[PDB]
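One chain follows as structure tokens, the form deposited without adenosine monophosphate (AMP).
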């Protein structure tokens, strides 16, 4: 019955589309621009995510009853605002609300004003003020130059702050330095559907930010994830929901920025409780790839319920799910494309292979982006999921890809 449009081109969108395609309410499903892998579950629409003007027309002409936005870009550009002005149903935040992810400074501003637990944050253009602040917070402490150093001592912190101001980029307001509270604990991703003040928590997941095994290397969009996260207590989870998610939604609403869509809280379970690391105004990637397959409830129906502000009880499989990202060598740094990916047809039909940056040409698969694919597996336990996942991964042959072997190691060990 319904014509659904998904905006995006990565694994998260493949996951969204895949799930939505299983909805008894979906007549037809489009993904713009999508990717080769996604074409197996939906019709691709060759329109850019930021080409909002064209997306609107498409939505109007293709009688799209529901649009779901995957990436932050279109949201920050106000796609939601445009769609609503055109009377088109779209699940995602307005430009104003999306600022929760767009500007960390804003996020800190909001959380401080509304007393939402988060790591201390502060920027300075004056060394003397930065110094006074550093000496007040003690170390370890995080200094970020415009580059990131986790200063173990106040002395080192000061040296780094000075260098940041002296050698950092010279902005229109001069050079600046950011000082953040160093937090210790277990990281976790807490997503939830949100509409104004109503929050609908999704199952928790844990990302693997660093590019290499033993969380080494630079940060990435996420090298893998799994759900649930046993090591995160239900108390910690409940604290996050009532001290962070609900107050954040209410805060945004109170500030004239009511939020609609997926509120993604990058948190850290500290001994003092959950604290916000980062906010995101949409599904996380690869969190979507591992959380959606655990969602028994129909996503489209769930999304419509949220949009209508209706009560909703989300149901989840007991099975755990773990996914591993295959990235092009060099990622997150410079990487090359064109590496032939072999063996995708050897993967068990029970494995979830979400495409994020691949290309089809001459009847063959090729790497075509930073994060290229993600293979996730269901398991009775997280250990079984990890085993099934890596087991399947080994069938893929491509000297142009690499992937962490420790995804889920924190939950298992």
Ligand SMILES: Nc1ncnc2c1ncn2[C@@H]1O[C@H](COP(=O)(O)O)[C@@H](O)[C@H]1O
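Residue numbers count along the first chain shown, from 1.
Another form, the form solved in complex with adenosine monophosphate (AMP), is not on view; read the next lines as being about it.
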{"query": "Binding-site state, shown form vs adenosine monophosphate (AMP) in the entry with it bound, superposed, 3 or more atoms under 2.4 Å of backbone or C-beta", "finding": "open"}
{"query": "4.5 angstroms heavy atom contact with adenosine monophosphate (AMP) in the entry with it bound for residue 255", "finding": "no"}
{"query": "Heavy atom of residue 319 within 4.5 Å of adenosine monophosphate (AMP) in the entry with it bound", "finding": "no"}
{"query": "Residue contact check: residue 329 to adenosine monophosphate (AMP) in the entry with it bound, 4.5 Å heavy atom", "finding": "no"}
{"query": "Contact flag, residue 298 vs adenosine monophosphate (AMP) in the entry with it bound, heavy atom cut 4.5 Å", "finding": "no"}
{"query": "Option from 181 to 189, 255 to 263, 290 to 298, 91 to 99 whose residues, in the entry with it bound, bring a heavy atom within 4.5 Å of adenosine monophosphate (AMP)", "finding": "181 to 189"}
{"query": "Among the candidates 77, 231, 169, 219, the residue which, in the entry with it bound, approaches adenosine monophosphate (AMP) to within 4.5 Å (heavy atoms)", "finding": "219"}
{"query": "Heavy atom within 4.5 Å of adenosine monophosphate (AMP) in the entry with it bound - residue from 131, 113, 104, 342", "finding": "104"}
{"query": "Heavy atom contacts to adenosine monophosphate (AMP) in the entry with it bound at 4.5 Å, residues of 272 to 301 in sequence order", "finding": "277"}
